[PDB]
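See below for the structure under consideration.
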Amino acid sequence: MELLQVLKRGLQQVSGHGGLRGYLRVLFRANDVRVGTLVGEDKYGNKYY
Amino acid sequence: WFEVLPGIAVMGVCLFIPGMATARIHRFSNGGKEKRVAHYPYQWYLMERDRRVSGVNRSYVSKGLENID
Amino acid sequence: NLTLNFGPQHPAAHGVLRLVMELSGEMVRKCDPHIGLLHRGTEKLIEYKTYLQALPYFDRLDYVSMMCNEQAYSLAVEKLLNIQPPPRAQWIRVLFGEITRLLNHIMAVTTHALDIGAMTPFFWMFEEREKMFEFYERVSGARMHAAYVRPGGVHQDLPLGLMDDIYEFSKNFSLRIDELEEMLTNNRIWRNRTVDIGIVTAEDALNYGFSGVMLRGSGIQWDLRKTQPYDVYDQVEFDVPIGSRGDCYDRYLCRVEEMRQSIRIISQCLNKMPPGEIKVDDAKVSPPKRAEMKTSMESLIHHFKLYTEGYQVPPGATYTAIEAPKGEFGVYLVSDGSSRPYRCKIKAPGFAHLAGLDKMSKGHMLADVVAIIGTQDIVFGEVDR
Amino acid sequence: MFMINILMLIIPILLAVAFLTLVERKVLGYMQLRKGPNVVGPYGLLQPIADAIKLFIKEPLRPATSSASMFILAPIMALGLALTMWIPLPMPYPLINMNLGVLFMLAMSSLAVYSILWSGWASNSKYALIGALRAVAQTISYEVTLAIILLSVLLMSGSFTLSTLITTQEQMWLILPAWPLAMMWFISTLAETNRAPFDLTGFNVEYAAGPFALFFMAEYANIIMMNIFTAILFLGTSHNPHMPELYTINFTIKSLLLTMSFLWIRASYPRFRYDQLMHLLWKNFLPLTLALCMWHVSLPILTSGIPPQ
Amino acid sequence: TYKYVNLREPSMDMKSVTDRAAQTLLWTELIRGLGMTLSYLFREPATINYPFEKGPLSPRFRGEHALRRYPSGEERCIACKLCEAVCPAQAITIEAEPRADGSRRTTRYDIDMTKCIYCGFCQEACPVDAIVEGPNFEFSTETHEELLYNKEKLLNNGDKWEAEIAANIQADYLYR
Amino acid sequence: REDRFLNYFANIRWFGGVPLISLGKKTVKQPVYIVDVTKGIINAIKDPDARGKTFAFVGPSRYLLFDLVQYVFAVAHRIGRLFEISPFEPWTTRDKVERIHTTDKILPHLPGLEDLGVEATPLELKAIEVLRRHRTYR
Amino acid sequence: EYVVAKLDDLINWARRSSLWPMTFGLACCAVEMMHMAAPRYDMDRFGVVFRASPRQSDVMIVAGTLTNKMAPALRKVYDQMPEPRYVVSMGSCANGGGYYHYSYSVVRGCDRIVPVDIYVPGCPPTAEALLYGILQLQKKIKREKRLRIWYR
Amino acid sequence: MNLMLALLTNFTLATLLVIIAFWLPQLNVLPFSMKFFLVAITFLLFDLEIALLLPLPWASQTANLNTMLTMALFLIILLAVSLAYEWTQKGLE
Ligand SMILES: CCCCCCCCCCCCCCCCCC(=O)OC[C@H](COP(=O)(O)OCCN)OC(=O)CCCCCCCCCCCCCCCCC
Ligand code: SF4
Ligand code: SF4
Ligand code: SF4
């Protein structure tokens, strides 16, 4: 019964960052879908995670 | 390991159609009844008879006990 | 008889080596290949260069060896110049000289197992091979082709690190060689694909002038690795494999045990390295340090002149050879007496190891012939000798 | 509306394998520690729809050294019979209730060797003239290894038709009395459909972008068909009259696993070096086939368990 | 010394043949071994998403050429020609001239980026440490007519960045 | 090699090979060979003194016959268009069919090719090259 | 037209979405491309499949060093390619023939034989700037098929 | 009456697609070997005697069985003895 114990980890990991627009916009470039925790500062809008 | 699961749910779903389609045609063509099969020539003789006496021209309809009372 | 030239075909492997096949219906019985796809003008080209300037054209002679080539050159030059290299430097030439054998003996099996047609042992081992090019970039200058060994010993010292990395690397490698043991040894079909193929075992297996494996693993015990020294290389302990009969499957099983020797030697070499210097001290051959070529007067005149011209080599012919990981490596370096050398004739393997394909092939199929070639481990550009 | 049953079986089965070359690689991907199609999909699922456009843009140059009436004739039959063989196949209801159809599958699959002899011969020299012969010569040897052990289970199931084959396997999973036959079924069917261990398989190299795609599309059509044919025969499913939907749920999902097996065996093994390849049939396979052919005759007799028909 | 591998006579008795008979007949080989070593599929794919992710390097990595200069601009090059005489491909060509202030500088300065075989000896031959192999693999133009670098690429290319260059020399100059 | 007039012939695989127009009257014009064309320019590009004195291009020996159309099927043994096909790059059943059958061997007082020498090419030697059909050996 | 020119944002997109390359392994620049095939910088499934038969190619790659004994064999394979082709040569010995450049028997350039579009420099380009050259190539396809017959 | 109207759609679909494939969207304007013969003859021999082997499942719902038992096993014998003399010489096959 492991379809829900790791799904609770993945539920906030998918839904709980940006919602539906922040997920689908970053989806349409690659499979780079896991959001980074720590952020960088430089420079324009390219926050090096 | 995750990305292969949308790969499975495309071609495998593409086989779900004709088994669903055909079982929603012969069931639909005979009005919620299965199609009368005929493998032996004695079996066909019923359909060759009963179509001529069903009501007008059909093999998927019945008469019942109340026909001749 | 049909005269097909199955070669120039870019059928994986190495789209080169175009040859003829006068096959007698199904068996071949006559094979006369053509070489010369890359002649490149190598041996004529070196006649205008100096000693330090000509050095990377030994490096690009293989595809694989980066520190086993230039090992056969500096040791072919330091004998002429009456120099022993300093002792810290000799422990590195054995370390990288026993790390390139963990590049040929990975490529010599996978690329053979790709002509055959297996897919997955090609990707299962090169993904582990990436953990090793980070070394080459960290120490010398580049991905592969490194002008790193000099005639004055090692170029420079390897930085902080690379001792808890190699010990980290080498402690997790024998599990990966235990993978291919399950992949090929206990399997039957690959055993059935290669048994009793290329049975060449007589004294014409040595009259053809073969070097190692496609030697001793077929019989005659001899090698250049403990009858002839290089550096501190006899002070380590190891054994040399011998197979049973004279076919490819008993020259294949050299290479599984050969990789099980290089792990021991690395785990034996790390315990014995002393701190010391890098270069030869007398500085008529080694350049002086960068912090020295900006202060004193004696440093620049033995810096600025040492790059306009090269060294001063005495005359008299010389010759040596070492263990390339597929064979001997003959260099007959003719010296004249100036900064520019005279004739530099090289002997590489493949001259013997592929002229004896005539004897080895016949009496057999056509599908046998591609399975023959990936056992000798023949690399072109290296047959340019 | 018999015609709309036709178009809702031919068209929805083309996308069943046009979206499989994707699945071919990703299953190949996640063995080699690598990912699927990454930039176009995003999950890959937009890759083959663009690649299908390319092979009809790119120019199909014709050989001047060949005829034209023969050269396009082999792709005519390539979609002809290799799609016709789908027709009397139940799920749980076949399109045609043939009174005998197991002979009908072999009758159509025996003309599969009659297509490869065209394209190599009418085209060109050597490779396309001698190399295309041997491939018939291996695939003529795998009907006798196919049809005999096929006949050994009709002795126990009961007859030729396929509609009775479901009822007779409603409690069994008939691999259990025929697990020796299960190897020589699946090995032989693997070898006929020209796949990775049993390969020697010039009958493709001359085809440009136009008609190469057919004899890549028809060859794939065979391979899920030998999956769906083994599916109704060995691993029979349960049947419900009042719920026909539950049949097809656990029908294709079992054939889809065996579809992966052709992708899975391909990622393990080398070739067989042609002289061995027929030598392992006559010397090795065929004497066991005759022995088990004698086995399934005496045992239903020495059970008083003859299947009724 | 020795080792005799693949040299072992068979068992040849009553019971041990049943281990070699069950092997061929029922295939306890080739599935327990080769069907399990492939799967082994559940490991993480170690792939770099190249336009987004990038791999490791070293501080001594070679690449694009560039020229440095002192604090406020001086042309650190002194045109002492030593990088020319050790270039194996002779990709250097320099014509010098006394500039009117008096100190000598360059007029033409060329690197045949086609011919350049990247022996990097130019980096290890300049006494005043002028030319530097800058660590940026940004390349791939569309003509042969473009990659021949003149001087006014190289001073500009040496001044698209310097803090990239000036930190790698300062972390590596103690070794060499 | 890849002109239109000579490739107008043998691209006529059809249910009838008709000449223009079932008559051997005017055929043919002067087919000068393409090496002579590019050789005339490079001699004139620093000739000198060749401005105003316009020049004419001599063809082969000498006028030509009706045999040319029979010469096609005897030895042949009977670029930014679009993504699929161009809708109109036709054979043009219009004034295309008459622009070639109007020979006009014009005034020989133009100097115009042999003086801008040297250009001398037959037809029978260069005909093997451009024609290419299904036999290719015999 | 807005209707017709919308179409080539599919077709000139589709050709830059599926490239089936040939590789000519001749010298040390062949080995580094194999590491691009090795799944670190996994070359497959970023738009581009692995090796393929010589018939079905779009993008040929010359790597290494050309000799005069290979100059006929290069042109014959170059003829057999279909029409929307491109030539991209990696390696510093395919841009002037590196050094070996003054040798008596090396093709000077790999440009005096075939017309090549993208030049990656370097003894081995490190399988790091080479994916950058390929994304340059798909960036080069901004061409059009409509408004070519629609103009002339 | 659709059998025969069942495959007519299938064959008109294949011959349609080649015209969009080979046709209009293109518009470009043996030595003998004996060992590779005897296996075809050998196959056709065992191809016949499986068609006589073919009528078995209808040959069980029958009369007195030991006629049909002992005779049907005899065809397998003749199919097997034919192997053994041929097993004495197969060639490089
Ligand atoms: C007394 C009671 C009544 C009788 C009951 C007795 C039951 C016996 C059941 C036997 C039935 C199965 C055996 C059928 C024959 C199998 C074929 C075979 O064994 O050939 C062996 C093959 C040939 O080489 P060999 O003869 O072994 O010579 C080399 C010796 N070192 O050498 C090999 O080993 C290679 C193996 C064949 C190569 C192909 C392998 C490809 C992988 C296929 C995987 C199959 C997965 C399982 C099947 C799928 C399930 C549907
Ligand atoms: S690097 Fe040295 S040799 Fe080269 S131009 Fe500068 S000062 Fe002169
Ligand atoms: S970078 Fe290499 S080729 Fe260029 S000048 Fe320096 S050493 Fe010579
Ligand atoms: S110089 Fe460059 S192209 Fe030539 S072999 Fe070396 S890496 Fe390959």
What is the residue count in the stretch A:1-39 for residues that are within 14 Å of chain D (Cβ to nearest Cβ) and not polar (S, T, N, Q)? 12
Breaking point among (1) within 16 Å of ligand 3 (Cβ to nearest atom); (2) charged (D, E, K, R); (3) closer than 30 Å to residue G:45 by Cα, for residue E:60: (3)
I'd like the full set of residues that are within 14 Å of ligand 2 (Cβ to nearest atom) and either within 14 Å of chain G (Cβ to nearest Cβ) or buried (at least 16 other Cβ atoms within 10 Å of the Cβ) (or both), limited to the stretch E:96-115. E:96, E:106, E:109, E:110, E:111
Taking only pairs six or more apart or across chains, which ones have beta-carbon atoms under 7 Å, a first residue in the stretch D:295-309 that is facing chain H (nearest Cβ under 10 Å), and a second residue that is among the hydroxyl-bearing types (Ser, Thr, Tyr) and surrounded by 11 or more Cβ atoms within 10 Å (Cβ to Cβ)? D:296/D:152; D:306/H:60; D:307/D:157; D:307/D:168; D:309/D:159
Looking at the stretch E:71-95, I want the residues that are within 14 Å of chain G (Cβ to nearest Cβ) and have a partner that is part of a loop (DSSP other than H, G, I, E, B) and within 12 Å of ligand 2 (Cβ to nearest atom) with Cβ atoms under 8 Å, at least 6 apart or on another chain. Which pairs are those? E:86/E:121; E:86/E:122; E:86/E:125; E:87/E:121; E:87/E:122; E:88/E:121; E:92/E:122
Taking the stretch F:4-23, which residues are under 21 Å from residue F:105 (Cα atoms) and surrounded by 14 or more Cβ atoms within 10 Å (Cβ to Cβ)? F:6, F:19, F:20
The stretch G:81-107, residues that are over 30 Å from residue C:134 (Cβ atoms), more than 14 Å from ligand 4 (Cβ to nearest atom) and more than 8 Å from every other protein chain (Cβ to nearest Cβ): G:81, G:85, G:86, G:87
Pick out the one residue from D:212, D:216, D:203 that is away from chain H (no Cβ under 14 Å), of a type in the set (A, V, I, L, M, F, W, C), more than 16 Å from ligand 4 (Cβ to nearest atom) and within 27 Å of residue C:9 (Cβ to Cβ). D:203
Does residue C:69 satisfy being assigned to a loop (DSSP other than H, G, I, E, B), within 14 Å of chain G (Cβ to nearest Cβ) and within 25 Å of residue C:379 (Cβ to Cβ)? yes
Residue ID - farthest from ligand 3 (Cβ to nearest atom), chosen from residues in the stretch E:94-104 that are farther than 15 Å from residue E:83 by Cβ and outside any loop (DSSP other than H, G, I, E, B): E:98
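Does residue D:174 meet the test of being over 27 Å from residue D:115 (Cβ atoms), buried (at least 19 other Cβ atoms within 10 Å of the Cβ) and hydrophobic (A, V, I, L, M, F, W, C)?
Details: over 27 Å from residue D:115 (Cβ atoms): yes; buried (at least 19 other Cβ atoms within 10 Å of the Cβ): yes; hydrophobic (A, V, I, L, M, F, W, C): yes.
When the stated conditions are applied, residue D:174 passes them.
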Kindly evaluate residue E:132 against the criterion of being more than 9 Å from chain G (Cβ to nearest Cβ), surrounded by 18 or more Cβ atoms within 10 Å (Cβ to Cβ) and of a type in the set (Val, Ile, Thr). yes
Step by step: first the residues of the stretch G:63-98, then only those that are within 16 Å of ligand 3 (Cβ to nearest atom) and outside any loop (DSSP other than H, G, I, E, B), then the one that is surrounded by the fewest Cβ atoms within 10 Å (Cβ to Cβ). Which residue is that? G:92
Within the bounds of the stretch B:56-68, is there any residue that is within 22 Å of residue D:3 (Cβ to Cβ), facing chain D (nearest Cβ under 9 Å) and more than 13 Å from the chain's Cα centre (by Cα)? no
I'm checking my understanding of the structure. Among residues of the stretch E:116-125 that are out of contact with any helix residue (DSSP H, G or I) (no Cβ under 6 Å at 6 or more places or on another chain) and either away from chain G (no Cβ under 14 Å) or away from ligand 3 (no atom under 12 Å from the Cβ) (or both), which one is farthest from residue E:69 (Cα to Cα)? E:124
Within the stretch C:157-179, can one find any residue that is at the interface with another protein chain (Cβ under 8 Å from one of its Cβ atoms) and touching a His at 6+ places or on another chain (Cβ under 8 Å)? no
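Each row is one residue, and each column tells you yes or no for (1) surrounded by fewer than 19 Cβ atoms within 10 Å (Cβ to Cβ); (2) within 16 Å of ligand 3 (Cβ to nearest atom); (3) among the aliphatic types (A, V, I, L, M).
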residue: D:226; (1), (2), (3): no, no, yes
residue: D:232; (1), (2), (3): no, no, yes
residue: D:236; (1), (2), (3): no, no, no
residue: D:244; (1), (2), (3): no, no, no
residue: D:271; (1), (2), (3): no, no, no
residue: D:276; (1), (2), (3): yes, no, no
residue: D:295; (1), (2), (3): yes, no, no
residue: D:303; (1), (2), (3): yes, no, no
Would you point out which residue out of D:63, D:75, D:37 is crowded, with 21+ Cβ neighbours inside 10 Å and more than 14 Å from chain B (Cβ to nearest Cβ)? D:75
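Listed here are the residues, each with its yes/no results for (1) assigned to a loop (DSSP other than H, G, I, E, B); (2) within 16 Å of ligand 1 (Cβ to nearest atom); (3) within 14 Å of chain H (Cβ to nearest Cβ); (4) small (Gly, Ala, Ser).
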{"residue": "D:142", "(1), (2), (3), (4)": "yes, yes, yes, no"}
{"residue": "D:145", "(1), (2), (3), (4)": "no, yes, yes, no"}
{"residue": "D:153", "(1), (2), (3), (4)": "no, yes, yes, no"}
{"residue": "D:161", "(1), (2), (3), (4)": "yes, no, yes, no"}
{"residue": "D:166", "(1), (2), (3), (4)": "no, no, no, no"}
{"residue": "D:170", "(1), (2), (3), (4)": "yes, no, no, no"}
{"residue": "D:175", "(1), (2), (3), (4)": "yes, yes, no, no"}
{"residue": "D:184", "(1), (2), (3), (4)": "no, yes, no, no"}
Any idea which of (1) within 30 Å of residue D:29 (Cα to Cα); (2) under 13 Å from the mean Cα position of the chain (by Cα); (3) among the β-branched types (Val, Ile, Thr) is the one residue B:22 doesn't satisfy? (1)
Of the criteria (1) surrounded by 12 or more Cβ atoms within 10 Å (Cβ to Cβ); (2) within 13 Å of chain C (Cβ to nearest Cβ), which one residue E:22 fails: (2)
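Tally time: how many residues in the stretch D:91-135 are aromatic (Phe, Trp, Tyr) and within 14 Å of chain B (Cβ to nearest Cβ)?
Looking only at that region, the number is 1.
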Every residue from the stretch E:128-142 that is part of a loop (DSSP other than H, G, I, E, B) and away from ligand 4 (no atom under 16 Å from the Cβ): E:128, E:129, E:130, E:135, E:136, E:138, E:141, E:142
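Methodologically, a virtual Cβ is constructed for each residue, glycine included, from the backbone with ideal geometry; neighbour enumeration extends over all protein chains shown. Every number in this text was worked out from the coordinates using simple rules, so none of it is lab data.
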